[PDB]
Amino acid sequence: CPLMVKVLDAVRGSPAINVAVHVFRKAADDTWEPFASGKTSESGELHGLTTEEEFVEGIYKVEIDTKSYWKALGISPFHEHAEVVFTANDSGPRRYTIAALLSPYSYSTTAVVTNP
Amino acid sequence: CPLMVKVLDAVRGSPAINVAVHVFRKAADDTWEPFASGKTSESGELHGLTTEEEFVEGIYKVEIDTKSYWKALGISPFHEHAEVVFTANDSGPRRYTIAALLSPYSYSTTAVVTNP
Amino acid sequence: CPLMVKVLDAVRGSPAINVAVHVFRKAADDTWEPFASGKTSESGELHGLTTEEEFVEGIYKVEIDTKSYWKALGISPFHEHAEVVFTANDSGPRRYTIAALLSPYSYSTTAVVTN
Amino acid sequence: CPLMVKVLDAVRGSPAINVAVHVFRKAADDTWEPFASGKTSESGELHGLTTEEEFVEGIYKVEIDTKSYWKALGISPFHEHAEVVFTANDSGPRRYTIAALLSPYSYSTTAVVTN
Ligand SMILES: Cc1cc(/C=C/c2c(C)c3ccc(O)cc3oc2=O)cc(C)c1O
Ligand SMILES: Cc1cc(/C=C/c2c(C)c3ccc(O)cc3oc2=O)cc(C)c1O
């Protein structure tokens, strides 16, 4: 449960369902290594991306595939994706919720970081 | 469960705890009648404001006491409160989540409306 | 001069044009007295609401008529209006910009207060 | 002319001044090639990044160095940077403003695309 992604739709007033999410981790050579991926559920949430063993310290990028989401709804949006880049677990394990609120030409994102 | 309020703190990356919330409903004479009130919990959520019987159609105002929240934290913020005003239940009962993301000089708010 | 309102549309990626904006000042009896109003321009801005002489310290409310905006574009929105309620304070910077970014079920607002 | 970046601070209610901004263009091999860069002005704006001739259709990334901004103000932030990735499209309006509103653990971004 150390990483969860929650996505909301500001046009519909609903969870953003079936949003693809790709997580990357910066490697020692400075490239972005694929780390985990998944899709938001009916409630706009994506659980089960990783484990506390696997989710070591590092710089992580959470790519939320907003264009793919809006295009699947037959809408032409502005952004390719929403990217959230952050250092994680560098003071020990934390739990991270990455939330995003989507519109066709805009988005908001926040983090909720909790210490278990 | 027809009305829930969720409040997040964009400075801390945490739920906004102990935020006072006052709900009003517009009366037939156009005044704002007190309807319900409460405080956010440790998880930034406020449940139990009303019931499906009580939460009839109307125009509702959810006042989130952001100044009181920031002042209790010893911070001087810009806004007096965040107000969310909406018509509810006019196509039959719905469930409403009013979410707000707070900063000292800014806030975001959204609604998630679901049909039970 | 001391107060400007700027409104943007997050669905179309544009200024929000021809949006009605009403400003009120809180009176001694806690009622909201009309203070100034207008409609946003082609750039989504509303200038000339007040003057330094008139814009004394106190609590003000800026009401942005978002519902009518969305309905005029053929879209059904959630809110009746967006409300921004704040205290004008002489000790802080002199010029207030109240900005709002609109979606059908959401809005963001910020204040940019400068000298 | 065709691209402007505007950055605001939601903690202080001000423009975000002296923020480094880097623009990249996606190359044919999917790498990000440096395109333009600068630091925001006293009004939080960065003008003069490119010209109409240079700003051809394609995918661009605007990276805003938010971490350094917050640290220079003595504040610990969440993100490494804020990223805005979009396609420039000739069929749409000609001028792009990329706006960002910053908090330590959050940001909002919008596009205002006009003629
Ligand atoms: C106004 C606004 C609201 C939200 C909502 C965030 C969250 C929301 C809405 C949320 C809702 C339900 C739940 O079980 C857990 C949740 O966790 C959240 O972080 C997120 C952003 C970025 C925003 O600008
Ligand atoms: C509530 C909120 C406000 C803004 C403000 C954007 C702009 C603002 C505030 C702006 C202000 C003055 C000006 O001369 C030009 C401007 O252009 C803008 O795009 C931008 C975001 C992302 C947001 O969430």
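We did not get these values from a lab; they are worked out from the coordinates using the rules stated. FYI the Cβ positions are ideal-geometry reconstructions off the backbone, even for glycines, and counts take in every protein chain you see.
A Cα-only calculation for the protein assembly as shown places Rg and Dmax at 21.5, 68 Å.
Highest GNM mean-square fluctuation among D:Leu73, D:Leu101, D:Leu46, for chain D modelled with Cα contacts below 10 Å: D:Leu73. Taking GluC sites (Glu not before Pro) across segment D:29-81, the ones in a DSSP loop with at most 15 further Cβ atoms lying within 10 angstrom of their Cβ are D:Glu42, D:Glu52, D:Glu53, D:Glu54, D:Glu57. Along segment A:83-96 the Karplus relation, 6.51 cos²θ - 1.76 cosθ + 1.60 evaluated at θ = phi - 60°, assigns HN-Hα couplings of 10, 10, 10, 7, 7, 10, 6, 8, 10, x, x, 10, 9, 10 Hz to successive residues, with x for each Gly and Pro.
Checking every one of the trypsin sites (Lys or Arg not before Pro) in segment B:1-102 against DSSP loop status and a limit of 12 other Cβ atoms within 10 Å picks out no site at all. GNM on chain D, alpha-carbon springs under 10 angstrom: the most fluctuating residue among D:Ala20, D:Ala88, D:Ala72 is D:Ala72. The count of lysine pairs in chain A that are at least 8 places apart or cross chains, and whose C-alpha atoms lie under 18 Å apart, stands at 7. Spin-label model, A:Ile75 to C:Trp32: label points 7 Å out along the Cα-to-beta-carbon direction sit 2.8 nm apart.
Sort segment D:1-78 into rounded, prolate or oblate with this rule: let a ≥ b ≥ c be the square roots of the eigenvalues of the Cα gyration tensor; rounded if a/c is under 1.5, and if a/c is not under 1.5, prolate when a/b is larger than b/c, oblate otherwise. The shape class here is oblate. Under 5 Å from the amide H of A:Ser41 lie the amide H atoms of A:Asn18, A:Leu46, each residue being 5 or more positions distant or on a separate chain, with H modelled from the backbone and absent for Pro and chain starts.
Computed from backbone phi with θ = phi - 60° and the Karplus coefficients 6.51, -1.76 and 1.60, the 3J(HN,Hα) list for segment D:59-67 is 8, 10, 10, 10, 10, 10, 7, 5, 4 Hz; x is used for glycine and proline. Phi angles of segment A:9-24 translate, via the Karplus equation with coefficients 6.51, -1.76, 1.60 and θ = phi - 60°, into HN-Hα couplings of 10, 7, 8, 8, x, 8, x, 8, 9, 6, 8, 6, 9, 10, 10, 10 Hz per residue; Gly and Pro are given as x.
Computed on chain D, with alpha-carbon pairs under 8 angstrom and 6+ residues apart, the relative contact order is 29 percent. With springs only between Cα atoms under 10 Å apart, run a GNM on chain D and tell me which of D:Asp90, D:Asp30, D:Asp65 wobbles the most. Ranking D:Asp90, D:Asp30, D:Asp65 by mean-square fluctuation puts D:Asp30 first.
Total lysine pairs in segment D:3-115 at Cα distances under 18 Å, for residues eight or more apart or on different chains: 7. Judged by the gyration tensor of its Cα atoms, with axes a ≥ b ≥ c, segment B:1-82 is oblate; a/c meets the 1.5 cut and b/c is at least as large as a/b.
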